[PDB]
Amino acid sequence: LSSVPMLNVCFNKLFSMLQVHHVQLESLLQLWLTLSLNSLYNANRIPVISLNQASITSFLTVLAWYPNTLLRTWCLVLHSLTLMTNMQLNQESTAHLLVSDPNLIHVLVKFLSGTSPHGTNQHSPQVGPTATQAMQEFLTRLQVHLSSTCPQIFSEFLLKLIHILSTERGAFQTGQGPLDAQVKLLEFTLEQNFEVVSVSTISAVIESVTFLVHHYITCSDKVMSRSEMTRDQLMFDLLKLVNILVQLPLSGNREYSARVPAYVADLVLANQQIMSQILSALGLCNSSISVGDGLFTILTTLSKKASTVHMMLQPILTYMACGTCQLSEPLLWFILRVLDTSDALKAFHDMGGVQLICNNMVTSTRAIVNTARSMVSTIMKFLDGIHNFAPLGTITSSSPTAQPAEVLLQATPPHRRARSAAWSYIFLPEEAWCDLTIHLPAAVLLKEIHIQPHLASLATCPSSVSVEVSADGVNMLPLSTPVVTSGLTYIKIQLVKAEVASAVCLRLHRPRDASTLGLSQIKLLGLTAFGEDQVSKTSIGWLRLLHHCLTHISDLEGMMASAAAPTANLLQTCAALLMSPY
Amino acid sequence: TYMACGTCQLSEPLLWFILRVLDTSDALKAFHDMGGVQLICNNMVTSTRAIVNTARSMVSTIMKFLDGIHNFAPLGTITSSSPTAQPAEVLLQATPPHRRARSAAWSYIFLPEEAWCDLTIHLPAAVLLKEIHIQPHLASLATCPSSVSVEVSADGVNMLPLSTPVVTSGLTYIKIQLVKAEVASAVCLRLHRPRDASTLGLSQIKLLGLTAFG
Amino acid sequence: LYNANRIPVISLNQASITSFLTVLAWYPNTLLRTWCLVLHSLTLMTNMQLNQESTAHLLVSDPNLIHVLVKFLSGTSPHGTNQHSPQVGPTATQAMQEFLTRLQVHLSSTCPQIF
Amino acid sequence: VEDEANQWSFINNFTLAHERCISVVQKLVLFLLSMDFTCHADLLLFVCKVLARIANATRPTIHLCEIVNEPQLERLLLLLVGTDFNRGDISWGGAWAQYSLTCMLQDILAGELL
């Protein structure tokens, strides 16, 4: 006398008739989850209402059709899909059915894209730890249900989802979407096995992710706000994922073939775009958990799992020739490491490497002038260690304030009690930004701005501040996006590139719930004209290259040095660089 | 065609527009000519058969007393997933003394690995929650949370988020209103680590809403 | 001192302007420093005269100006580790508004249709 | 008395014959289906509460197969989740009545599976 079959019939009728927009989706899903949980949430709980394949596909396609799906509804969807993994069908598996159709791709893309057109406060698109745990439980149940039958389709499904998400106008590229969900799925993808997955989608995803990471590295920001977990960890985790990926050997017809002895490092070696992208990304990274460490590790493992050393020297010399050329500390260490063996030096000499190197030193020595301080600066510096320059300059504002802001320009004002504020600003209802223009008597090599708000009551701290620099003092010009400093006791705006500036405009935004601004002290740190990585990009790196070539192994140093000899003006240039302090 | 194809959705601006577009005599004549009034009558019959009255009847009045938005935080209890140095029940008071704000009413210390801490408030019964009030430390709001996410659960067991975590850094008073009042019995406030502070300081948490008969 | 009414002393060429515009539309992750510099340069490109079609009609006719303005107003910023608020600030908005005002002035007499 | 010797606590802030309980339960369900604008929501909450209490109190627990047929259960389901009665902020009976319907159905299902 069980009423289960007639209720199953009624819910399948409802699931077929919801297509005409006659049933609310959120109410239907919440009620079906509540009636199926009566046997506290758990991923191991079996729902008591067994559903139908047509019902599941109709629900999935109406979910993929529905845009601006809220996160309340999204977590409800994730719990319902976990239950859809928990069920059994009445002989293919339900997980294979869920994975096979691209509708699951579309729903997961809508979830992880984190669009939220509804959000008037599109602040941080993260979906929170509960939703990330629910999605992780869903993916874990998917691997468990598809491990016995066919992990091929599950691993291909995950790689296709990441690849489509990582293409042009994707969630990883544009930066929108839940950062926590993306890093939890990626660290979930780390533990997966890709031992049957097709080489085509693997090549597509590796090209897409290398293009995206190279475009992010080469075109990075000009400032960084210093305070956790950020998108730096996302790049670190993606490079770790591809470090796992390139270590996978492929066996067979190089198609639908990994099978736990060629490797895919050769496949990414045949791609010229990827080698140019990764060497360029290593070209503009600083030396000593970081992106440069990650790039060094992925290239090291690419060299280790590679079969032939010839395929190691070909991309290196094509990048150095096609680059004048960009030569960094990780690139110098990699060139020294790949030229470790005797056969490496022999192959490098065989296809014309040393003569190109000599031409590069001649062209770079004729190219770059010395930037070091000479004797003239020493013997003129005194005839008339980062120092402050705020007391030297003056301050002004575009609006008539109740008090002048010159108190902010002191070298160190007394900060012991902080009675009201050192400087205060009152906001009109129409305006939101106020500009403090600081004019220095001379342009200085500005490096970092320090802004101290009121320490006793930092409710009056600006919600956001934009720093703008001008070298001539007249052509007013912004530096970057206004940085949010609400809740920050100390504001440190460092510059990766030190800028010659004579006027500095601090445009402060209205605070989130305060109409007054209170500030203590403004510092202007930098250098004046006469007050490791700086030598690597010069010809010294190439000189180290020649020294390692001619001194690492002495048995091959002669005939190859005889090839290095008849280049024009080699000895004069060597003597001139030896006479230099460098 | 919109009223027929919609059961149908009829709002205040739509009522005013329908009254305004039916201002002229020719408008009424054309509305009657292509069958408008009969469809209207069918809509009242279908809606009257459809929607039950939501008004409070005499039963609620004559049972309400046999046993204006009010606070519900003092009735419930509080807990956290991590062992804190002090319990957060001081936050649950109806009005704690906020005159000096010496250090904080409640404080939380962050481990380097964690960034979120959850305050779960369990009410004795589910209430029609309408708006959350979070007051950080007023003397030094550097310890105010950078962002806070409010999550509601009606049954008290099926933990479930409400929306995206709202950024409250630089906010003296946190007012999270709900356009839709939600029947909730457990409320989780997941607070994020502040931008440059490792400690959280809070004064008072309010839980505003109604009851079934209040 | 910058002004939208200042006439630049170096008169440029049509092929030069089109090549510059297409290499700007090709270049992604264009920073806002560089974007405000671009807007000032394009204001100057509206200020110039060609040596007999107008330069504003030439700037408007090709879809490369559409692509550059779409890259500017889309506010992608893949570089931003702090994608907080994509606003470009009052100075850049004033520069773009001056550019559009110079475009209407230069195309009002000839053909406001295309603008 | 049975407690001292929880889902319906939102109001306060023995052995029974099988046939008459079944009859009064199905008549209460037919009363539920005949709820129009004359009937109110508080009466709905109280009949849901007394339905759950009689369903759990009777030995053995009355199941839904002998309570509703297919059309009655279909009407109840479309009443619970369809947007012909759950459209807008004036969803059926309000959130309190929806919660009460969910609790009565959950109680009857839990009584069925003991």
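Please state which one of A:406, A:468 is out of contact with any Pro (no Cβ under 6 Å at 6 or more places or on another chain), away from chain B (no Cβ under 14 Å) and of a type in the set (D, E, K, R). Answer to the selection: A:406. Within segment A:203-213, how many residues turn out to be under 23 Å from residue A:328 (Cα atoms) and surrounded by fewer than 19 Cβ atoms within 10 Å (Cβ to Cβ)? Qualifying residue count for the region: 1.
Residues in segment A:20-29 that are under 41 Å from the mean Cα position of the chain (by Cα) and either more than 14 Å from residue D:78 (Cα to Cα) or within 8 Å of another protein chain (Cβ to nearest Cβ) (or both): 3 in all.
Please tell me if residue B:163 is within 11 Å of chain A (Cβ to nearest Cβ) and surrounded by fewer than 21 Cβ atoms within 10 Å (Cβ to Cβ). It is true that residue B:163 is within 11 Å of chain A (Cβ to nearest Cβ) and surrounded by fewer than 21 Cβ atoms within 10 Å (Cβ to Cβ).
Highlighted here are the helices (runs of 4 or more DSSP H) found entirely within segment D:1-83 that include at least 2 residues which are more than 29 Å from residue B:47 (Cα to Cα): D:18-33, D:41-57.
Would you mind stating whether residue D:100 is closer than 22 Å to residue B:180 by Cβ and either under 13 Å from the mean Cα position of the chain (by Cα) or surrounded by fewer than 20 Cβ atoms within 10 Å (Cβ to Cβ) (or both)? Answer is yes for this residue. Taken as a whole, segment A:224-231 holds at least one residue that is in a helix (DSSP H, G or I), crowded, with 16+ Cβ neighbours inside 10 Å and within 11 Å of chain C (Cβ to nearest Cβ). Residues that are among the polar types (S, T, N, Q) and loosely packed, with under 14 Cβ neighbours inside 10 Å were ranked within segment C:45-83; the one that is farthest from residue C:105 (Cα to Cα) is C:74.
Of everything listed in (1) more than 28 Å from the chain's Cα centre (by Cα); (2) of a type outside the set (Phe, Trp, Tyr); (3) farther than 30 Å from residue C:41 by Cα; (4) surrounded by fewer than 19 Cβ atoms within 10 Å (Cβ to Cβ), the single unmet condition for residue A:529 is (3). All conditions but one from (1) aliphatic (A, V, I, L, M); (2) assigned to a helix (DSSP H, G or I); (3) out of contact with any helix residue (DSSP H, G or I) (no Cβ under 8 Å at 6 or more places or on another chain); (4) within 23 Å of residue A:475 (Cα to Cα) apply to residue C:10; the one that does not is (2). For residue B:199, the conditions (1) β-branched (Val, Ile, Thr); (2) over 13 Å from the mean Cα position of the chain (by Cα); (3) surrounded by 19 or more Cβ atoms within 10 Å (Cβ to Cβ) all hold with the exception of (3). For residue A:379, the test of being in a helix (DSSP H, G or I) and either exposed (fewer than 10 other Cβ atoms within 10 Å of the Cβ) or in contact with a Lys or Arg (Cβ under 9 Å, 6 or more places away or on another chain) (or both) is passed.
Apart from one condition, residue A:150 fits all of (1) over 20 Å from residue B:189 (Cβ atoms); (2) crowded, with 19+ Cβ neighbours inside 10 Å; the exception is (2). For segment C:33-54, a tally of residues being touching a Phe, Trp or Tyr at 6+ places or on another chain (Cβ under 8 Å) and acidic (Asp, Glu) returns 0. In segment C:21-40, what residues are part of a helix (DSSP H, G or I), touching a helix residue (DSSP H, G or I) at 6+ places or on another chain (Cβ under 8 Å) and buried (at least 16 other Cβ atoms within 10 Å of the Cβ)? Correct list: C:21, C:24, C:25, C:32, C:35, C:36, C:38, C:39, C:40. For residue A:425, the criteria (1) within 13 Å of another protein chain (Cβ to nearest Cβ); (2) over 29 Å from the mean Cα position of the chain (by Cα); (3) not in a loop (DSSP other than H, G, I, E, B) hold in every case but one, which is (1). For segment A:245-280, the set of residues classified as within 25 Å of residue A:212 (Cβ to Cβ) and either assigned to a strand (DSSP E or B) or among the small types (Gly, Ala, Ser) (or both) consists of A:258, A:263, A:265, A:270, A:276, A:280, listed by residue number. Regarding segment B:131-139, can at least one residue be identified that is in contact with a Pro (Cβ under 8 Å, 6 or more places away or on another chain), assigned to a strand (DSSP E or B) and either within 11 Å of another protein chain (Cβ to nearest Cβ) or charged (D, E, K, R) (or both)? Taking every residue of segment B:131-139 in turn, at least one turns out to be in contact with a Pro (Cβ under 8 Å, 6 or more places away or on another chain), assigned to a strand (DSSP E or B) and either within 11 Å of another protein chain (Cβ to nearest Cβ) or charged (D, E, K, R) (or both).
The residue that is nearest to the other protein chains (Cβ to nearest Cβ), counting only those in segment B:141-155 that are in a loop (DSSP other than H, G, I, E, B) and touching a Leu at 6+ places or on another chain (Cβ under 8 Å), is B:144.
Tell me yes or no: at least one residue of segment A:315-335 is over 24 Å from residue A:361 (Cα atoms) and not acidic (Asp, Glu). Checked segment A:315-335: no residue is over 24 Å from residue A:361 (Cα atoms) and not acidic (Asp, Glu).
Examine segment A:108-123 for a residue that is more than 14 Å from every other protein chain (Cβ to nearest Cβ), closer than 26 Å to residue B:120 by Cβ and among the β-branched types (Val, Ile, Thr), and state whether such a residue exists. Among the residues of segment A:108-123, not one is more than 14 Å from every other protein chain (Cβ to nearest Cβ), closer than 26 Å to residue B:120 by Cβ and among the β-branched types (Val, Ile, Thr), which makes the answer no. Filtered by the rule that a residue be within 14 Å of chain B (Cβ to nearest Cβ) and either within 17 Å of the chain's Cα centre (by Cα) or surrounded by 10 or more Cβ atoms within 10 Å (Cβ to Cβ) (or both), segment D:1-23 gives D:6, D:7, D:8, D:9, D:10, D:11, D:13. Consider segment D:88-104 and keep the residues that are in contact with a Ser or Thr (Cβ under 9 Å, 6 or more places away or on another chain) and facing another protein chain (nearest Cβ under 7 Å). The one that is farthest from residue B:209 (Cα to Cα) is D:102.
Results for (1) more than 30 Å from residue B:128 (Cα to Cα); (2) within 14 Å of another protein chain (Cβ to nearest Cβ); (3) under 32 Å from the mean Cα position of the chain (by Cα); (4) of a type in the set (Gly, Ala, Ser), shown as yes or no for each residue.
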{"position": "B:9", "(1), (2), (3), (4)": "no, yes, yes, no"}
{"position": "B:17", "(1), (2), (3), (4)": "yes, no, yes, no"}
{"position": "B:39", "(1), (2), (3), (4)": "yes, no, no, no"}
{"position": "B:47", "(1), (2), (3), (4)": "no, yes, yes, yes"}
{"position": "B:55", "(1), (2), (3), (4)": "no, yes, yes, yes"}
{"position": "B:72", "(1), (2), (3), (4)": "no, yes, yes, no"}
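Residue B:170 meets each of the listed conditions (1) assigned to a loop (DSSP other than H, G, I, E, B); (2) more than 9 Å from chain A (Cβ to nearest Cβ); (3) under 30 Å from residue A:68 (Cβ atoms); (4) not hydroxyl-bearing (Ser, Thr, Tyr) apart from (2).
Of all residues in segment A:471-498, count the ones that are at the interface with chain B (Cβ under 9 Å from one of its Cβ atoms) and in contact with a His (Cβ under 7 Å, 6 or more places away or on another chain).
1
Filter segment D:40-87 down to residues that are within 13 Å of chain A (Cβ to nearest Cβ) and of a type in the set (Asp, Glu) and give me whichever is surrounded by the most Cβ atoms within 10 Å (Cβ to Cβ). Filtering first and then ranking leaves D:74.
Bear in mind these aren't lab numbers, they're just calculated from the coordinates by the rules spelled out. Quick reminder, even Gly has a Cβ in these numbers, built from the backbone with ideal geometry, and neighbours come from all protein chains shown.
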